[PDB]
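Engineer: Chains as they are written, first to last, in the deposited numbering: chain B, 9 to 226; chain A, 7 to 228.
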Amino acid sequence: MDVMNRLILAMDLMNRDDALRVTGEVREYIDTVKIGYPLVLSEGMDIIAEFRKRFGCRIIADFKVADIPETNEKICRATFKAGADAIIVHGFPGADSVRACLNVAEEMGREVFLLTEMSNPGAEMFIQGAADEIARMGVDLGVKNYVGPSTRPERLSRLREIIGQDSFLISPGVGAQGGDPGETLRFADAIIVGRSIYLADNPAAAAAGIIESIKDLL
Amino acid sequence: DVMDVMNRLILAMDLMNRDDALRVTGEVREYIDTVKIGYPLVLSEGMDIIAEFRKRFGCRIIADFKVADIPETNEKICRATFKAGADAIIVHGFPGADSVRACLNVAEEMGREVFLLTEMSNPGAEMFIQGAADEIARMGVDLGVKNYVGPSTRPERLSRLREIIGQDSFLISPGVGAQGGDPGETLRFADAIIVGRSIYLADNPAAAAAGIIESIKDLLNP
Ligand SMILES: O=c1cc(O)n([C@@H]2O[C@H](COP(=O)(O)O)[C@@H](O)[C@H]2O)c(=O)[nH]1
Ligand SMILES: O=c1cc(O)n([C@@H]2O[C@H](COP(=O)(O)O)[C@@H](O)[C@H]2O)c(=O)[nH]1
Ligand SMILES: [Cl-]
Ligand SMILES: [Cl-]
Ligand SMILES: [Cl-]
Ligand SMILES: [Cl-]
Ligand SMILES: [Cl-]
Ligand SMILES: [Mg+2]
Ligand SMILES: [Mg+2]
Numbered sequence: 009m010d011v012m013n014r015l016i017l018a019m020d021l022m023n024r025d026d027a028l029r030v031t032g033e034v035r036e037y038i039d040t041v042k043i044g045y046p047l048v049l050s051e052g053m054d055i056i057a058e059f060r061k062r063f064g065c066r067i068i069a070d071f072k073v074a075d076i077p078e079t080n081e082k083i084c085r086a087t088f089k090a091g092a093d094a095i096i097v098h099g100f101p102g103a104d105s106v107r108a109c110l111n112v113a114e115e116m117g118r119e120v121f122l123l124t125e126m127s128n129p130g131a132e133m134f135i136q137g138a139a140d141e142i143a144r145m146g147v148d149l150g151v152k153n154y155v156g157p158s159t160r161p162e163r164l165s166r167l168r169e170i171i172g173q174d175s176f177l178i179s180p181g182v183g184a185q186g187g188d189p190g191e192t193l194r195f196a197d198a199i200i201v202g203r204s205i206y207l208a209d210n211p212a213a214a215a216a217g218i219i220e221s222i223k224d225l226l
Numbered sequence: 007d008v009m010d011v012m013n014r015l016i017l018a019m020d021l022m023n024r025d026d027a028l029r030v031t032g033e034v035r036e037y038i039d040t041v042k043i044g045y046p047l048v049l050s051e052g053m054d055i056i057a058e059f060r061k062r063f064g065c066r067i068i069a070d071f072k073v074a075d076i077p078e079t080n081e082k083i084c085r086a087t088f089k090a091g092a093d094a095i096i097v098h099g100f101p102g103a104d105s106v107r108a109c110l111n112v113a114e115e116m117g118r119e120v121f122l123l124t125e126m127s128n129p130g131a132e133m134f135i136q137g138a139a140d141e142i143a144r145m146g147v148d149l150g151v152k153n154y155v156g157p158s159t160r161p162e163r164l165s166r167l168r169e170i171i172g173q174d175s176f177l178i179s180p181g182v183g184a185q186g187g188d189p190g191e192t193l194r195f196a197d198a199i200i201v202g203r204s205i206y207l208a209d210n211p212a213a214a215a216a217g218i219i220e221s222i223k224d225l226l227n228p
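1. Is the closest heavy atom of ligand 8 to the C-beta of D54 of chain B under 7 Å?
2. Can you check whether the CB of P189 of chain B is closer than 8 Å to the CB of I205 of chain B?
3. DSSP state of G187 of chain A, grouped into three classes?
4. Just verifying my parser: in three-state terms, what is the DSSP assignment at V34 of chain A?
5. With 8 Å set as the bound, which would you pick, yes or no: does the beta-carbon of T40 of chain B sit closer than that to a beta-carbon of chain A?
6. With ligand 6 as the reference, list in chain order each residue whose Cβ lies under 7 Å from any of its heavy atoms.
7. Could you give the DSSP three-state label for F121 of chain B: helix, strand or coil?
8. With distance defined between alpha-carbon atoms, name the residue in A:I219, A:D25 and A:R85 nearest to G117 of chain A.
9. Residues of chain B with a CB under 8 Å from the CB of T87 of chain A: which are they?
10. Please state if the CB of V201 of chain A and the CB of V182 of chain A are separated by a distance shorter than 8 Å.
11. Return the bridge partner residues of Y154 of chain A from the DSSP annotation.
12. Does ligand 7 have a heavy atom nearer than 7 Å to the CB of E162 of chain A?
13. Please name the residue in A:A18, A:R66 and A:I38 whose C-alpha comes closest to that of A216 of chain A.
14. In the region 34-94 of chain A, which residue ranges form an unbroken alpha helix (DSSP H) of at least 4 residues, counting only runs that do not cross its ends?
15. Looking only at C-alpha atoms, which of A:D70, A:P46, A:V73 and A:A90 sits nearest to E58 of chain A?
16. For the region 44-64 of chain A against the region 73-82 of chain A, do three or more pairs of beta-carbon atoms, one drawn from each stretch, fall closer than 8 Å, so that the two count as touching?
17. Which partner residues of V97 of chain B appear in the DSSP bridge assignment?
18. Consult DSSP for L17 of chain B and reduce its assignment to one of helix, strand or coil.
19. Hey, how far is the Cα of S221 of chain A from the Cα of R66 of chain A?
20. Going along chain A in order, which residues have a C-beta closer than 8 Å to the C-beta of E132 of chain B?
21. So if DSSP puts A198 of chain A in a beta bridge, which residue, or which two residues, is it bridged to?
22. Looking at residue 242 of chain A and ligand 2, is the gap between the Cβ and the nearest heavy atom below 7 Å?
23. Rounded to whole angstroms, what's the CA-CA distance from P211 of chain B to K61 of chain B? Just pull it up for me.
24. Near ligand 9, which residues have their beta-carbon closer than 6 Å to a heavy atom?
25. Taking the alpha carbon of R168 of chain A as the point to measure from, which residue in A:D197, A:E114 and A:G150 has its own alpha carbon closest?
26. Considering only the alpha carbon of each residue, which of B:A214, B:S158, B:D224 and B:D209 lies closest to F195 of chain B?
27. So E81 of chain B and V112 of chain B are supposed to be a Cβ contact under 8 Å. How far apart are they, rounded?
28. Any beta carbon from chain B within less than 8 Å of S127 of chain A's own beta carbon?
29. Hey, does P211 of chain A have any beta-carbon neighbour from chain B nearer than 8 Å?
30. Would you mind reading off the limits of the alpha helix (DSSP H) that contains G130 of chain B?
31. On the premise that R160 of chain B lies in contact with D140 of chain B, defined as a C-beta separation below 8 Å, what is that separation, rounded to the nearest angstrom?
32. For chain B, check one thing: does any of its Cβ atoms lie closer than 8 Å to the Cβ of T79 of chain A?
33. Taking the C-alpha atoms as reference points, what is the distance between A143 of chain A and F121 of chain B?
34. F176 of chain B and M9 of chain B: beta carbons closer than 8 Å?
35. Using the beta-carbon count (16 or more within 10 Å), is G150 of chain A buried or exposed?
36. Quick test of your reading: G44 of chain A and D70 of chain A, contact by CB under 8 Å. State the CB separation rounded to the nearest angstrom.
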């Protein structure tokens with residue numbers, strides 16, 4: 009996947025007018041938008057096609073898919089029907105649940121991203137101890153796209169070691185949660201950035217500033 | 007007090023088009039006053055489907071969204087979900103206490119309920135979730151969670167979950183029917199069973215529901 013400026017916008021504003029306006033303000037800087045449940049549950053799945061119509065951007069549906077295989081299949085189908093190019097899936101529920109997502113993605117010409125360790129402090133309780141094994145499970149299942157935490161660069165580096173240089177790795181927790189853009193890009197192919205951009209007084213200047221700080225990594 | 011689930015039976019309405027979902031739910035309305043609506047239906051038909059169910063049926067709505075994000079995003083998901091009219095939301099515990107707390111805080115503010123999913127019913131649950139489940143359950147109890155979800159497909163596990171959360175906590179359990187769980191045996195430990203396909207794919211969903219209820223007749227409350 010070829011992400012402009014190695015920067016993915018996490019568009020978690022919850023009203024259509026603001027989400028569209030702010031995305032428009034930063035469109036020159038990005039070509040990849042992560043759309044999650046805050047926006048989708050507030051404005052409907054039609055928002056995905058509308059982003060494509062307005063911006064032509066690729067869309068990653070961050071739905072943290074975490075159900076049994078039968079339900080995971082249905083969620084992936086509904087998500088790809090709405091025009092998402094990729095979907096983010098939890099590994100914690102086990103291999104069968106991940107395989108269910110991989111199957112639908114293959115059928116519809118899309119990608120699965122496997123979330124292995126989360127960026128919140130609570131991730132230390134249960135996920136972190138399973139994360140290396142979840143990553144190896146990804147490798148075993150043929151997963152090529154991964155998500156890992158900007159807030160723990162040593163853990164992000166370990167994830168990169170496990171998955172290899174050929175796999176694609178994106179990383180949230182940059183800015184608001186404390187992660188550094190440049191340090192994160194030592195290990196991740198692309199950084200995910202939400203609030204630092206979409207809640208900034210001037211979102212365009214914020215995006216430009218982040219890009220300036222990583223200009224020698226582009 | 008806990009939610010009063012008619013016949014101890016919750017419909018998992020995972021049909022993906024509005025017409026079929028509405029028809030089947032209407033067909034079983036005399037048996038079931040509590041419906042679990044998940045992402046298969048919501049992502050296909052929109053959050054207004056919750057409104058439509060409320061309008062058409064006299065049914066409580068549990069939003070099965072397995073909320074599993076960071077605290078900031080979890081809050082937003084819960085707010086949008088309760089705004090749409092869900093009585094309760096199901097959240098994962100494996101992302102940690104902060105993520106669960108975020109949901110509980112919104113539910114408290116908004117006058118709604120959180121259900122904590124501690125273990126899952128799929129075979130894959132043995133890989134990672136099973137080993138964390140007792141601690142996830144204990145964490146729920148420590149956080150003041152009152153409502154829980156655990157798997158009918160593993161009776162010994164469901165029994166242990168009931169022990170951890172105590173008799174006062176409310177426990178619902180999926181995996182009955184299609185996944186192999188038995189209604190009566192599950193109700194030894196769960197307050198209510200969740201049933202999807204063996205009702206909604208039946209030639210006569212009403213007959214299927216009635217049949218499940220007949221098999222557990224002596225377990226209903228006066
Ligand atoms: O471990 C993870 C996985 C995520 O998808 N995310 C998501 O990435 C985004 C982070 O946004 P922000 O830059 O505002 O912190 C949010 O949409 C969040 O749900 C995360 O923060 N941590
Ligand atoms: O561990 C769990 C947790 C669930 O919510 N579920 C949900 O319960 C329902 C089970 O439906 P069914 O009776 O068709 O197997 C589905 O909506 C599924 O997503 C489950 O099967 N296992
Ligand atoms: Cl399944
Ligand atoms: Cl925590
Ligand atoms: Cl957070
Ligand atoms: Cl498995
Ligand atoms: Cl068992
Ligand atoms: Mg609306
Ligand atoms: Mg720099």
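Using N, Cα and C, we set each Cβ at its ideal position, and we do this for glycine too.
Structural biologist: Reading off the structure:
1. Indexing the first sequence from 1 puts residue 54 of chain B at position 46. The answer is no for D54 of chain B.
2. Position 197 of the first sequence, counted from the first residue, corresponds to residue 205 of chain B. Position 181 of the first sequence, counted from the first residue, corresponds to residue 189 of chain B. No, they are not a contact pair.
3. Within the second sequence, the letter at position 181 stands for residue 187 of chain A. Three-state result, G187 of chain A: strand.
4. Here residue 34 of chain A refers to the residue found at position 28 when the second sequence is read from its first residue. In this structure, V34 of chain A counts as coil in the three-state DSSP scheme.
5. Along the first sequence, read from residue 1 onward, the residue named residue 40 of chain B stands at position 32. No, because no Cβ of chain A sits closer than 8 Å to the Cβ of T40 of chain B.
6. B:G102, B:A103, B:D104, A:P129, A:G130 and A:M133
7. Residue numbering aside, residue 121 of chain B sits at position 113 when the first sequence is read from its first letter. Strand.
8. Translated into positions along the second sequence, residue 117 of chain A becomes position 111. Comparing Cα-Cα distances from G117 of chain A to each of A:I219, A:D25 and A:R85, the minimum goes to A:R85.
9. Residue 87 of chain A sits at position 81 when you count from the first residue of the second sequence. Those within 8 Å of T87 of chain A in chain B are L49.
10. As a first step, residue 182 of chain A is located in the second sequence; it is residue number 176 there, counting from the start. As a first step, residue 201 of chain A is located in the second sequence; it is residue number 195 there, counting from the start. Yes, the Cβ-Cβ distance between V182 of chain A and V201 of chain A is below 8 Å.
11. For the purposes of this step, residue 154 of chain A is taken as residue 148 along the second sequence, with counting starting at 1. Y154 of chain A pairs with A:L122 and A:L177.
12. Residue 162 of chain A sits at position 156 when you count from the first residue of the second sequence. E162 of chain A: yes, Cβ under 7 Å from ligand 7.
13. Working through the second sequence from its first residue, we reach residue 216 of chain A at position 210. Checking every option, the nearest Cα to that of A216 of chain A belongs to A:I38.
14. 45-51, 54-62 and 77-89
15. Here residue 58 of chain A refers to the residue found at position 52 of the second sequence. Comparing Cα-Cα distances from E58 of chain A to each of A:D70, A:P46, A:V73 and A:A90, the minimum goes to A:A90.
16. no
17. Here residue 97 of chain B refers to the residue found at position 89 when the first sequence is read from its first residue. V97 of chain B is bridged to B:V73 and B:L122.
18. By 1-based counting over the first sequence, the position of residue 17 of chain B is 9. Here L17 of chain B sits in strand by DSSP.
19. Mapped onto the second sequence, residue 221 of chain A falls at position 215. Mapped onto the second sequence, residue 66 of chain A falls at position 60. Taking the straight line from one Cα to the other gives about 24 Å.
20. Within the first sequence, the letter at position 124 stands for residue 132 of chain B. Near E132 of chain B (Cβ distances below 8 Å), the residues of chain A are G102.
21. Within the second sequence, the letter at position 192 stands for residue 198 of chain A. BP columns for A198 of chain A point to A:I178.
22. Shown here, chain A extends from 7 to 228; a query on residue 242 of chain A therefore has no answer.
23. If you number the first sequence from 1, residue 211 of chain B lands on position 203. If you number the first sequence from 1, residue 61 of chain B lands on position 53. Between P211 of chain B and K61 of chain B, the C-alpha separation is close to 21 Å.
24. B:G190, B:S221 and B:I222
25. Indexing the second sequence from 1 puts residue 168 of chain A at position 162. When each option's Cα is compared against that of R168 of chain A, the closest is A:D197.
26. For the purposes of this step, residue 195 of chain B is taken as residue 187 along the first sequence, with counting starting at 1. Of the candidates B:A214, B:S158, B:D224 and B:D209, the one whose C-alpha sits nearest the C-alpha of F195 of chain B is B:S158.
27. Locating residue 81 of chain B in the first sequence gives position 73, counting from the first residue. Locating residue 112 of chain B in the first sequence gives position 104, counting from the first residue. Sure, about 6 Å apart at Cβ, within 8 Å.
28. Along the second sequence, one-based indexing puts residue 127 of chain A at 121. True, the Cβ-Cβ gap to chain B drops below 8 Å.
29. Mapped onto the second sequence, residue 211 of chain A falls at position 205. Taking Cβ atoms only, chain B never reaches closer than 8 Å to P211 of chain A, which makes this a no.
30. If you number the first sequence from 1, residue 130 of chain B lands on position 122. Per DSSP, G130 of chain B belongs to no alpha helix (DSSP H) and is neither H nor E.
31. Against the first sequence, residue 140 of chain B aligns to sequence position 132. Against the first sequence, residue 160 of chain B aligns to sequence position 152. No, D140 of chain B and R160 of chain B are not in contact; Cβ-Cβ is about 13 Å, not under 8 Å.
32. The sequence position of residue 79 of chain A within the second sequence is 73, counting from 1. By this cut-off, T79 of chain A is an interface position.
33. For the purposes of this step, residue 143 of chain A is identified with residue 137 of the second sequence, where counting begins at 1. For the purposes of this step, residue 121 of chain B is identified with residue 113 of the first sequence, where counting begins at 1. The straight-line gap from Cα to Cα measures roughly 28 Å.
34. By 1-based counting over the first sequence, the position of residue 176 of chain B is 168. By 1-based counting over the first sequence, the position of residue 9 of chain B is 1. It is a contact, given that the beta carbons lie within the stated cut-off.
35. By 1-based counting over the second sequence, the position of residue 150 of chain A is 144. Counting Cβ neighbours within 10 Å, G150 of chain A comes out exposed, since fewer than 16 surround it.
36. If you number the second sequence from 1, residue 44 of chain A lands on position 38. If you number the second sequence from 1, residue 70 of chain A lands on position 64. Confirmed, about 4 Å.
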